[PDB]
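Single chain ahead, written as structure tokens, the form deposited in one PDB entry.
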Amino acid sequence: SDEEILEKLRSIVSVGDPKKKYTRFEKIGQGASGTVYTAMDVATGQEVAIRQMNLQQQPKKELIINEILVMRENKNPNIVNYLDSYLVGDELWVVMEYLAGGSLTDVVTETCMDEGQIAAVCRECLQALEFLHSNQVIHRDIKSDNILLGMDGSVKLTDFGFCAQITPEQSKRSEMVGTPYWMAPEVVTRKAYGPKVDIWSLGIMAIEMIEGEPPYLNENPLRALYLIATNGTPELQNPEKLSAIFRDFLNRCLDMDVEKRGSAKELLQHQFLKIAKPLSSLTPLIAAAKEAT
């Protein structure tokens, strides 16, 4: 009940109004969970990212609560940090750190990453996934739009509006919640998928860093799902241009047989990640992508 739900949120958030705590608001995006702004913390002077949402006009209240609770209790260096939340009337505020570097999508569509830079991004994403999966959380919507970058080359994952919390008693889900082009086949072909669906999505992001877009991008979402489920493991345009160790990494992420697909813990040991350049190597790409954005 919107009532029992509102009390739940009331217990979760900090008391009072945020309006006096932050200044210089600047819209930077929007989603089904609200509008996101860049703002200045009056006290600390830290620039943050604030999402404002009107509860009255919000379908799944349960999901927003779950999103906040998951972020609060699963802090990690590779996950955009959740700072606080407030509730003023029907206006819910969620405050988190701001990554000024933009998204990975901007980088892959505007620049050309080399393998050493790709291995670094993949490593950081895998660190977030290994952490989440070992903490019983499947993100379920891994894609370049949800990977943000710091001006120093930091790589962090965000938007837990679709994550799932599992347990040994119930280690699998069946809800279709991800984004078509990054969805693993089993999410379609059958019911009951596990944490490895995030590994598949990571593999698609790797293709993105290589080719600039995920497979079937020019195709209709409804169609893409069919193709993914029927063709399975995507085909690379110019496989011969990639190193043997990167090609092997890709095959382990995009394997059809879930059991055969590498897990996060396993892939963190993969030798492709060892050719990673320092994250500072991403700063030139971020600058270029940002200017073009």
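Just count from 1 along the sequence shown to find any residue number. Between two forms, the rigid core is the largest collection of C-alphas that superpose within 1.5 Å.
Omitted from view is the form deposited in another entry, to which the following refers.
With the core held fixed by superposition, the comparison between this form and the one not shown singles out 40 as the only member of 268, 256, 229, 40 whose CA moves by at least 2 angstroms. Fitting the two forms on the rigid core leaves the C-alpha of residue 241 displaced by under 2 angstroms between this form and the one not shown. The two forms, fitted on the rigid core, differ between this form and the one not shown by 2 Å or more at the CA of residue 19.
Core-superposed comparison between this form and the one not shown: the Cα of residue 151 travels less than 2 Å. In summary, the C-alpha positions of residue 77 and residue 47 converge in the other entry, ending up at least 3 angstroms nearer each other than in this conformation. Whereas the shown form places them at one spacing, the Cα atoms of residue 58 and residue 201 lie at least 3 Å farther apart in the other entry.
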